[PDB]
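Chains, contacts and geometry: an overview
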Amino acid sequence: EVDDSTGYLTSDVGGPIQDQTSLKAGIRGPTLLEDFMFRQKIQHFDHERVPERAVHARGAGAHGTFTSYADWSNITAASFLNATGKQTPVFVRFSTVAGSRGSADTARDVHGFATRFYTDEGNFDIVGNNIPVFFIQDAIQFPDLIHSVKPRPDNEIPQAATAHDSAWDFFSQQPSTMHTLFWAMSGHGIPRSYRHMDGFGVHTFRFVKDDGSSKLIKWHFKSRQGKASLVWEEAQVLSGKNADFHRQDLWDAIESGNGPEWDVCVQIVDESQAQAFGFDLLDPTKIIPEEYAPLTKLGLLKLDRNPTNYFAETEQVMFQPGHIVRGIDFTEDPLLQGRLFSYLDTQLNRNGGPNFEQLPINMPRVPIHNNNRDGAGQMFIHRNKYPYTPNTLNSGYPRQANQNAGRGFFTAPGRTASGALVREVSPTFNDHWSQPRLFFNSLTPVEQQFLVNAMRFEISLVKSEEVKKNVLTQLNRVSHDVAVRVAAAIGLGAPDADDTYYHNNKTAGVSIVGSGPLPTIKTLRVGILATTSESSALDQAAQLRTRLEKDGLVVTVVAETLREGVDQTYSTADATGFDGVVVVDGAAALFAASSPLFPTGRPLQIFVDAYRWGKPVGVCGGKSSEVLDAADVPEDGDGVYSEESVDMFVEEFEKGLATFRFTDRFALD
Amino acid sequence: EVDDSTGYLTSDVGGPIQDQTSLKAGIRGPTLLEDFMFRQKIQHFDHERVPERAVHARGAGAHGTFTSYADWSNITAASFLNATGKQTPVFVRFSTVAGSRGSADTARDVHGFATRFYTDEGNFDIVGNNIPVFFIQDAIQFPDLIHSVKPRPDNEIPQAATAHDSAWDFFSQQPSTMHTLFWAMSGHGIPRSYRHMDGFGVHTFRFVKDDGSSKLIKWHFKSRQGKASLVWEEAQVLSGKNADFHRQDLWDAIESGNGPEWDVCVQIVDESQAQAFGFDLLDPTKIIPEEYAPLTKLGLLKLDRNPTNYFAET
Amino acid sequence: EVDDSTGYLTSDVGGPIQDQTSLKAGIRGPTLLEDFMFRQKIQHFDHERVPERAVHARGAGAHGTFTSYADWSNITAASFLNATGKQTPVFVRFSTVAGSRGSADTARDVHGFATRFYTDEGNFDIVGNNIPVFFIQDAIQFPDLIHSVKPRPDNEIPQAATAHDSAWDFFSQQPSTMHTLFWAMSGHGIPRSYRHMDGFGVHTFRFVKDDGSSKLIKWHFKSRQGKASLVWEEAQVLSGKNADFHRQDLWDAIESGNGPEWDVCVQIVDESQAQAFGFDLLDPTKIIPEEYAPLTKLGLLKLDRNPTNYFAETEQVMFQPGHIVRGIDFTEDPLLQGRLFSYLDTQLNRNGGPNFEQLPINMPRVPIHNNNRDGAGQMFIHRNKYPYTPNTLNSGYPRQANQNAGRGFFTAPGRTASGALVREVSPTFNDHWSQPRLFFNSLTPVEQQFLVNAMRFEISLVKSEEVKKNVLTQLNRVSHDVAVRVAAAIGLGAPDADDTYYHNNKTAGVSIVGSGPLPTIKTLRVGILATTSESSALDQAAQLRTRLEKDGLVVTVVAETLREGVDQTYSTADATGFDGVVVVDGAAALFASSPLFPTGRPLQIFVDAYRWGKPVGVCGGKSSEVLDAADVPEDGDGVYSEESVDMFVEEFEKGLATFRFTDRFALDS
Ligand code: HDD
Ligand code: HDD
Ligand code: HDD
Ligand SMILES: *[C@@H]1O[C@H](CO)[C@@H](O[C@@H]2O[C@H](CO)[C@@H](O)[C@H](O)[C@H]2NC(C)=O)[C@H](O)[C@H]1NC(C)=O
Ligand SMILES: *[C@@H]1O[C@H](CO)[C@@H](O[C@@H]2O[C@H](CO)[C@@H](O)[C@H](O)[C@H]2NC(C)=O)[C@H](O)[C@H]1NC(C)=O
Ligand SMILES: *[C@@H]1O[C@H](CO)[C@@H](O[C@@H]2O[C@H](CO)[C@@H](O)[C@H](O)[C@H]2NC(C)=O)[C@H](O)[C@H]1NC(C)=O
Ligand SMILES: *[C@@H]1O[C@H](CO)[C@@H](O[C@@H]2O[C@H](CO)[C@@H](O)[C@H](O)[C@H]2NC(C)=O)[C@H](O)[C@H]1NC(C)=O
Ligand SMILES: *[C@@H]1O[C@H](CO)[C@@H](O[C@@H]2O[C@H](CO)[C@@H](O)[C@H](O)[C@H]2NC(C)=O)[C@H](O)[C@H]1NC(C)=O
Ligand SMILES: *[C@@H]1O[C@H](CO)[C@@H](O[C@@H]2O[C@H](CO)[C@@H](O)[C@H](O)[C@H]2NC(C)=O)[C@H](O)[C@H]1NC(C)=O
Ligand SMILES: *[C@@H]1O[C@H](CO)[C@@H](O[C@@H]2O[C@H](CO)[C@@H](O)[C@H](O)[C@H]2NC(C)=O)[C@H](O)[C@H]1NC(C)=O
Ligand SMILES: *[C@@H]1O[C@H](CO)[C@@H](O[C@@H]2O[C@H](CO)[C@@H](O)[C@H](O)[C@H]2NC(C)=O)[C@H](O)[C@H]1NC(C)=O
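Residues numbered from 1 in each chain as written, not as in the entry; some residues may be left out. Chains lettered and ligands numbered in written order. Part of a larger assembly, values for the part shown. Heavy atoms only, no water. Residues with missing side-chain atoms left out of burial classes, pairs and counts.

Considerations on the interface of chain C and chain B
- At the interface, 18 residues of chain C touch 20 residues of chain B.
- On the chain C side of the interface with chain B, the three residues burying the most area are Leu-33, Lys-385 and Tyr-388 of chain C, jointly 37% of the side's total.
- Taken together, the links from chain C to chain B amount to 1 salt bridge.
- When the shortest N-O distance is used, the salt bridge between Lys-385 of chain C and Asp-154 of chain B registers 3.2 Å.
- There are 8 residue pairs in polar contact connecting chain C and chain B. (Contact = heavy atoms within 4.5 Å. Buried area = accessible area lost by both parts, 1.4 Å probe. Salt bridge = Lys/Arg side-chain N within 4 Å of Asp/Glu carboxyl O. Polar contact = N/O pair within 3.5 Å; in protein donor to acceptor, adjacent residues only side chain to side chain.)

This is how it looks when you write it as structure tokens:
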């Protein structure tokens with residue numbers, strides 16, 4: 001860490017200098033080439049930027065700790081997992097997928113959840129998503145998916161969005177994507193925060209024990225903050241009012257001592273069970289339903305420290321599934337296999353040189369011993385002058401590590417191969433439609449509506465008639481109902497039911513709106529709409545504040561202008577900034593009326609928006625009975641709150657915050 | 001231009017190949033290092049990105065032409081300006097300033113208006129803004145302005161916005177910025193489209209005649225579509241509903257045969273007049289009011305062709 | 001520093017691994033993409049190389065220290081010079097100019113001598129040559145000089161040599177080069193070692209005192225090992241027998257506790273004296289003769305520590321004249337001015353990124369305080385989150401440093417400008433011929449012959465008749481005699497004398513052969529030619545060894561095969577490996593064939609040594625007679641014949657100090 005709280009300005013080589021005026025030939029003359037102060041400064045600036053990540057360019061990171069719950073030697077040799085209470089430092093970056101690095105957090109997308117464990121046996125990375133399955137079955141297709149999903153290559157439109165022709169052209173021609181597509185079209189595509197979503201490794205990996213035996217595994221990071229998501233119409237507005245919403249959220253949660261937590265869990269099954277669930281476990285388009293393999297909680301992951309320099313830490317972190325430790329191994333998942341190549345090659349693009357593992361954030365916490373040398377940006381001075389193997393001149397050091405010596409990584413010895421070298425897809429990968437259906441069946445009826453609606457939204461922006469038809473064809477193969485309802489919005493006939501993959505099987509834990517109330521309401525944001533006219537209004541506010549802040553909520557009092565007790569103005573305020581909204585009684589005048597200090601109708605607009613997006617809304621005070629009829633909000637409606645007793649208003653409101661979304665306000669087909 | 005409307009897939013060295021399945025050691029086996037089809041394709045993908053521009057990362061471009069209205073030998077030796085009706089191909093890119101790639105077009109910012117004339121005497125670039133004056137008086141200060149205006153370096157917040165402490169800390173400590181600040185806080189901060197804004201060179205330049213004599217000049221690109229701007233509360237929503245608004249707009253105007261146009265104009269004054277208007281003409285925080293030096297229309301700039309590949313061109 | 005003397009092989013992120021066999025699908029099967037051990041290792045290897053330096057690609061470096069002799073506050077504000085006995089660590093790299101990084105050390109070239117002082121006020125670099133003047137008067141011409149001097153762009157021939165058409169086309173068309181060209185054609189073009197050459201800053205710089213006043217200066221680094229140089233015919237062989245000669249020499253000198261030393265000196269003159277010596281001091285093609293400004297010894301520079309990793313230290317060191325400290329300033333030397341731009345720009349090519357000053361070898365020894373951020377390979381984590389000026393949010397830190405605060409660098413306030421902006425050469429720069437003549441006049445008659453011979457050698461390799469004529473024209477303007485003698489070798493008539501610049505002025509200190517005996521003979525190499533037949537031969541050798549090694553010499557006993565007391569075989573031996581050669585009496589048989597060395601080798605070594613002007617001798621009884629067989633005159637200067645071992649050494653050591661016996665070389669008539 002470099003401290004600049006005191007001192008005089010120096011060059012990068014420590015010579016004291018100034019940097020405010022160019023060196024000129026006369027007070028009104030031209031600048032001199034010999035002005036090294038100028039050039040060193042501007043050269044640095046000119047070279048500040050590096051290529052953004054090819055995918056997941058938009059994201060944010062934090063420091064934390066992983067703690068093991070036990071000694072898991074019975075399932076894996078992995079050292080970070082070998083003792084009860086063992087603590088490994090971590091760094092996690094969350095991201096969206098398609099958007100470039102300045103795009104909105106709240107676009108609809110799959111989300112990245114990438115975790116580095118800095119273990120005492122090397123760095124170990126789990127590079128996953130908030131959605132447990134992926135669009136494609138072979139890594140070689142990654143550029144096809146990503147090309148089609150990103151902006152059109154002629155005009156680079158649209159940013160951060162699947163709502164254009166090429167994406168759906170791809171989805172409709174590559175049916176493997178149905179499952180992920182359904183996930184992304186649910187609320188999983190627009191989470192309320194990084195803290196309110198899960199992490200998944202997607203691929204099946206292997207646990208390996210010192211005796212060389214292996215089980216097949218799936219990683220799950222389950223959120224202790226619960227599952228929550230935005231509604232589309234709210235996410236759209238948020239993207240404009242606050243492109244930084246998710247990163248501000250994570251930053252804030254950590255600053256206020258509310259670090260988010262996840263249970264790091266696995267599903268464990270036998271090698272013999274590769275095909276025992278009606279699909280191939282090497283297929284990254286499928287989940288093992290919880291019904292057939294329960295989750296084991298391995299340890300606790302907690303984020304509790306924000307970075308100091310975003311660029312140096314978040315932007316430079318370079319994850320790799322290649323960063324593997326003794327106790328884990330890969331599987332023949334053709335998606336996972338290709339990823340191994342990609343993540344090593346891409347960092348050359350991003351770092352511009354081969355020594356990217358030497359950046360502080362990428363360094364391990366244990367010693368390095370190997371014969372890698374040179375390369376641009378070499379930061380080490382190697383003492384071993386015989387960097388070859390086998391040598392006698394350095395006494396045959398460094399020694400080879402393997403199964404039986406030095407705790408070397410080793411491939412699971414059970415793994416075998418047979419047959420021809422082929423560029424052919426396994427027939428066991430061919431069912432693209434069952435699991436999407438399983439997923440859809442497991443959602444509440446409103447969740448289903450929202451999913452249909454997301455699809456209606458996007459498909460209607462697809463210009464090509466032929467592409468829309470092919471979309472309906474694939475959708476129909478998952479559910480005729482879904483096809484029909486989607487087709488209705490784009491004025492086409494859904495094709496005739498095809499029931500080859502229809503079924504009524506459900507699975508638990510994939511639903512957001514059906515996962516019951518949030519386990520905690522700490523850090524949720526409450527907006528209090530007040531005024532500077534009535535002296536009573538601000539007093540009501542101040543009292544709600546004390547009571548709400550006591551329960552860990554984040555309170556904003558809104559008024560026409562700033563002063564003591566007021567956090568922000570109606571001008572800068574918006575419903576998307578709040579999880580619930582409270583109007584204090586004394587502000588009734590404002591909801592019934594114009595001001596040069598905010599746009600017309602703003603105070604009411606905030607409230608009405610909050611209600612229409614399914615949020616806990618309420619009026620607190622005497623004339624509360626009547627402020628609602630003016631606002632056109634039903635007094636008896638679920639999650640609408642009307643009370644005089646401050647203590648009983650809070651108590652009622654806090655129940656609404658836990659329910660989080662009031663689903664009765666949304667029309668069904 | 002490379003055509004791919006017919007043919008079989010080839011490597012970059014023209015060997016016909018496939019790219020849909022990895023080469024595996026058995027139908028349910030691991031992928032082979034020797035699969036050159038895979039590695040050449042993924043290597044390309046892994047390396048697609050280049051660093052975004054340090055400022056003006058968010059922007060869009062179009063092809064057009066410039067036509068001279070006269071032989072301007074009386075004021076400059078500049079060849080693209082030396083004949084009535086002389087056509088020079090152009091390429092223009094418009095942009096915002098602070099936002100990264102992917103930030104919304106309708107953030108509040110200064111805007112870039114950058115023109116290349118591919119003249120018969122070399123490429124000539126006028127790299128300007130939609131606002132005729134700039135925040136600072138010395139280029140050595142550029143990183144201070146830009147650091148303060150871009151997101152906070154600890155958390156990269158906020159994107160594409162001067163609405164935070166550091167920006168105003170800078171503006172309040174570096175008063176030279178008041179003029180541009182005022183412009184950016186007007187509707188000039190949030191134009192209705194690229195077509196409904198002007199271009200300015202900002203700095204004073206010199207016209208030079210073959211005899212060696214020089215006048216001082218200021219470039220103005222006056223919009224023939226007129227000036228229009230959004231309202232804030234509208235701009236905010238638009239940033240969410242359509243981050244691509246300005247680029248969609250320009251693309252569409254061109255597709256539909258309504259290419260935007262600008263009169264390329266200059267103010268011309270004498271070397272002796274450097275300090276005759278109550279400020280120094282070397283000061284890029286100042287305009288010469290039209291009341292003291294009228295504009296001369298030099299020619300017409302028109303954009304009428306969209307690019308074929310955004311990356312390769314824009 | 002990274003220690004690898006013990007431990008198990010790890011990846012760059014510390015995971016223990018092996019690196020000797022690829023992961024294969026079956027014992028006789030193809031290699032797997034998932035083999036991360038393989039790819040990380042090979043990626044590193046594939047990326048080990050960086051671009052070589054655009055010029056001075058072939059060089060070598062060492063660590064040392066500089067000691068000040070006094071408090072020089074009376075002439076400069078420069079802190080590393082502000083106290084008697086003040087020590088500053090240094091790093092120096094010496095080089096040739098034209099050759100690529102694998103070319104021989106002993107090509108004929110100008111030589112680099114670049115010094116970094118890691119001062120307590122910032123890094124300060126003096127980037128100089130072994131020759132005090134440069135070919136051209138404006139930096140903008142540097143690519144022209146270098147293109148013409150390097151290999152031809154069609155076939156890339158010849159390596160490391162001015163002996164081709166383009167070089168002499170340029171020299172003949174750009175007469176400014178005469179002066180340097182004469183130096184390079186002297187023995188200065190082929191120094192005996194880096195240790196036996198001087199360093200020069202070339203340009204006039206300024207010393208600046210805290211009161212703002214300035215003197216004009218010239219840096220001289222005078223060698224405490226004395227000046228010595230090879231002869232051409234010897235250099236050519238050495239290039240083949242040992243491309244690494246100079247670097248070997250420097251390495252060895254330092255390993256054996258004989259670190260080379262230089263007196264760091266300046267010439268100091270007044271601003272008013274800019275044109276007071278009959279040339280413009282801004283002209284880098286001119287010297288201030290010692291007769292008109294004596295040298296002041298400022299301190300001692302000593303090299304005493306070899307690097308640990310060549311690549312990491314020597315290859316990655318990045319010098320810049322822009323690395324200046326308070327107390328020194330630039331002058332309007334149009335060559336110096338351009339260099340300021342180049343050296344900052346070129347490091348982007350070499351390092352591939354803007355953070356090159358963060359490489360350990362380039363870091364300063366004091367803190368860094370500035371607002372430079374980000375860039376590829378950013379190795380710091382900055383704590384100051386308000387990296388702009390002016391700020392209040394970091395209390396206006398870092399503070400501007402200048403003349404009166406913070407010990408800032410500052411431009412000499414006396415410096416002024418006037419007139420028009422012009423791309424024109426000052427008329428004061430127009431005399432390209434006098435100083436070369438001054439130089440030539442100041443060499444011993446043999447030194448003159450050698451220079452003529454070097455010119456005869458090269459010009460005869462110039463294919464083009466027209467270019468040869470234009471060369472003669474330029475040479476003639478310096479000296480008719482030189483033109484005449486050179487013309488004689490290429491069969492052309494020298495043009496008629498032109499005396500505009502002829503004169504007989506001499507200057508001291510520019511001659512090598514006339515600089516008297518060496519002040520030390522420590523580290524010089526002596527070859528003893530012996531045999532394994534006569535038991536007496538090896539006993540003679542062993543006794544010479546003890547005696548010679550006692551005086552700091554490096555001794556090699558040569559025989560047909562190796563054994564105790566024998567350092568190398570006749571097979572691997574050559575005259576170029578020795579500064580003097582001794583045949584022991586008992587080996588006479590060998591000098592009058594064997595499958596253990598090429599025919600005639602033992603005599604070839606001796607005869608070569610004699611013909612190249614080296615101290616040669618036979619030690620023993622029948623010494624009288626071994627010489628007549630060898631055809632070496634017994635009475636000849638630097639030929640030694642004695643029976644008394646103690647007397648032989650004593651005589652021989654005088655010859656080693658004389659170093660070269662110039663009476664063996666024919667002169668013109
Ligand atoms: C064959 C190419 C390829 C394939 C099939 C995948 N990825 Fe990937 N991914 C990349 C190629 C890539 C990449 C181009 O190599 C990136 C971009 C920058 C980087 O570090 O690696 C990347 C980045 C990246 C990041 C950003 C990490 C960060 O924050 O820096 C996450 C979270 C993921 N990926 C997650 C996945 C998941 C869950 C996948 C499905 C199993 C997946 N990727 C398939
Ligand atoms: C000392 C540095 C510096 C200063 C004082 C300025 N600029 Fe700049 N500008 C840059 C350094 C820079 C740059 C970092 O060099 C950029 C970024 C990428 C590039 O190609 O140049 C750039 C980009 C850039 C672009 C984008 C062109 C494109 O779309 O590719 C425009 C229109 C401008 N600038 C215009 C200006 C104007 C009108 C200025 C005030 C009169 C100005 N810049 C001051
Ligand atoms: C503007 C072009 C230019 C001009 C006129 C010069 N140089 Fe230079 N020099 C460079 C541009 C350059 C360079 C291309 O930037 C190098 C190559 C590698 C590097 O870092 O700087 C360099 C390398 C270089 C090195 C090697 C440093 C090392 O060992 O790493 C020395 C010793 C010199 N130069 C010395 C000089 C002297 C004594 C000159 C005459 C006064 C001179 N150069 C003129
Ligand atoms: C592997 O080891 C852990 C050791 O704790 C086992 O987990 C425990 O299982 C018992 C019942 O068998 C529970 O009462 C404990 O609470 C569990 N502890 C934890 C931390 O979960 C685990 O069952 C073993 N698994 C296998 C397959 O052998
Ligand atoms: C858990 O893993 C750690 C790290 O690998 C083990 O501790 C290291 O063991 C090696 C060799 O056995 C020692 O030479 C190191 O000094 C150890 N490090 C420390 C901090 O003790 C540890 O033994 C493992 N524990 C279990 C129960 O298997
Ligand atoms: C719907 O659910 C049933 C019951 O869970 C599934 O039937 C099981 O499938 C597995 C895997 O092939 C068999 O080995 C089990 O023994 C079956 N159990 C029972 C009770 O029938 C069925 O596969 C599911 N159908 C779909 C389309 O997912
Ligand atoms: C430079 O020459 C142009 C070229 O004609 C002059 O512009 C013309 O001015 C007259 C009236 O003064 C008009 O009839 C023409 O139509 C003008 N043409 C254009 C394109 O403006 C111009 O006035 C001259 N300017 C100077 C300063 O000498
Ligand atoms: C306007 O500029 C063009 C381009 O410089 C001029 O035409 C050139 O004139 C030169 C020298 O007289 C010819 O050798 C070139 O071949 C011409 N180039 C081309 C592309 O045609 C023209 O003379 C200029 N017109 C005026 C009025 O000054
Ligand atoms: C600057 O100060 C130094 C410090 O002593 C002077 O160096 C001495 O000069 C006197 C002659 O004037 C000699 O007797 C000493 O032997 C010198 N010592 C050294 C180490 O050089 C130096 O002369 C002064 N120079 C000027 C220009 O005032
Ligand atoms: C010689 O060298 C250093 C130049 O920095 C001086 O020591 C510094 O002196 C100032 C006092 O003015 C302090 O603020 C610095 O912190 C000191 N630095 C170090 C590294 O010791 C010293 O003053 C100079 N001596 C002379 C005689 O000028
Ligand atoms: C040869 O040496 C003489 C003697 O110093 C030089 O003539 C002097 O030059 C200096 C500097 O220009 C003048 O101040 C004197 O007036 C001259 N002195 C005498 C005594 O004549 C001459 O410049 C030298 N010539 C060359 C070509 O180097």
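Some thoughts on the interface of chain C and chain A
- Across the boundary between the two partners, chain C contributes 100 residues, which contact 100 residues of chain A.
- Carbon and sulfur atoms supply 57% of the area buried between chain C and chain A, which totals about 9500 Å² over both sides.
- Taken together, the links from chain C to chain A amount to 6 salt bridges.
- With its nearest N and O atoms 2.6 Å apart, the salt bridge here joins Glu-1 of chain C to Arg-383 of chain A.
- Here chain C and chain A share 47 residue pairs in polar contact between them.

Focus: the site of ligand 11
Residues and elements named next belong to chain C.
- Taken together, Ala-276, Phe-277, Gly-278, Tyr-292, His-503 and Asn-505 make up all the residues around ligand 11.
- At a separation of 3.3 Å, an oxygen atom of ligand 11 approaches a polar side-chain atom of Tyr-292.
- In this structure, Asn-505 approaches ligand 11 through a side-chain N or O atom, which is 2.4 Å from an oxygen atom.
- Against a free-state accessible area of 590 Å², the protein chains account for coverage of 33% of ligand 11. (Near = heavy atom within 4 Å. Areas by Shrake-Rupley, 256 points an atom, 1.4 Å probe, with all protein chains shown as cover.)

Let's talk about the domain arrangement of chain A
Residues and elements named next belong to chain A.
- In terms of domain boundaries, chain A breaks down into domain 1 (1–421), domain 2 (422–520) and domain 3 (521–669).
- For domain 1 and domain 2, the distance between their C-alpha centres works out to 30 Å.
- Between domain 1 and domain 2, the contact holds 45 residues from the first and 41 residues from the second.
- Of the roughly 3700 Å² buried between domain 1 and domain 2, counting both surfaces, carbon and sulfur atoms make up 66%.
- Considering only the surface of domain 1 that becomes buried against domain 2, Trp-168, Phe-182 and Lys-227 emerge as the three largest contributors, covering 20% of it.
- Connecting domain 1 to domain 2 are 15 residue pairs in polar contact.
- When residues of the side of domain 1 that touches domain 2 are traced back to their parent elements, those giving at least two are helix 3 (165–173), helix 4 (178–185) and helix 5 (232–241). (Domains from an automatic or database assignment. Helix = DSSP H or I, 4+ residues; strand = E, 2+ residues; numbered from the N terminus.)

Section: the pattern of salt bridges
Residues and elements named next belong to chain A.
- The full count for this structure, using the stated rule, is 106 salt bridges over all chains.
- Salt-bridge contacts for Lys-222 lead to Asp-198; the nearest nitrogen and oxygen are separated by 3.2 Å. Note that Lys-222 is positioned in strand 7 (residues 214–223) and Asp-198 in the loop between helix 4 and strand 5 (199–200), a separation of 24 residues in sequence.
- You can call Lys-222 buried: its relative accessible area is 18%. (Buried < 20%, exposed > 50% of the residue type's maximum accessible area, 1.4 Å probe, protein only.)

As for the site of ligand 10
Residues and elements named next belong to chain C.
- As a structural note, the neighbourhood of ligand 10 is formed by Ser-79, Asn-82, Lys-86, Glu-121 and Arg-407.
- Here an oxygen atom of ligand 10 sits 2.4 Å away from a polar atom, N or O, in the side chain of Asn-82.
- Between ligand 10 and the protein, one listed contact pairs an oxygen atom with a side-chain N or O atom of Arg-407 at 3.4 Å.
- Within the shell around ligand 10, the residues separate by chemical class into no nonpolar, 2 polar and 3 charged. (Nonpolar A, V, L, I, M, F, W, Y, C, P; charged D, E, K, R; others polar.)

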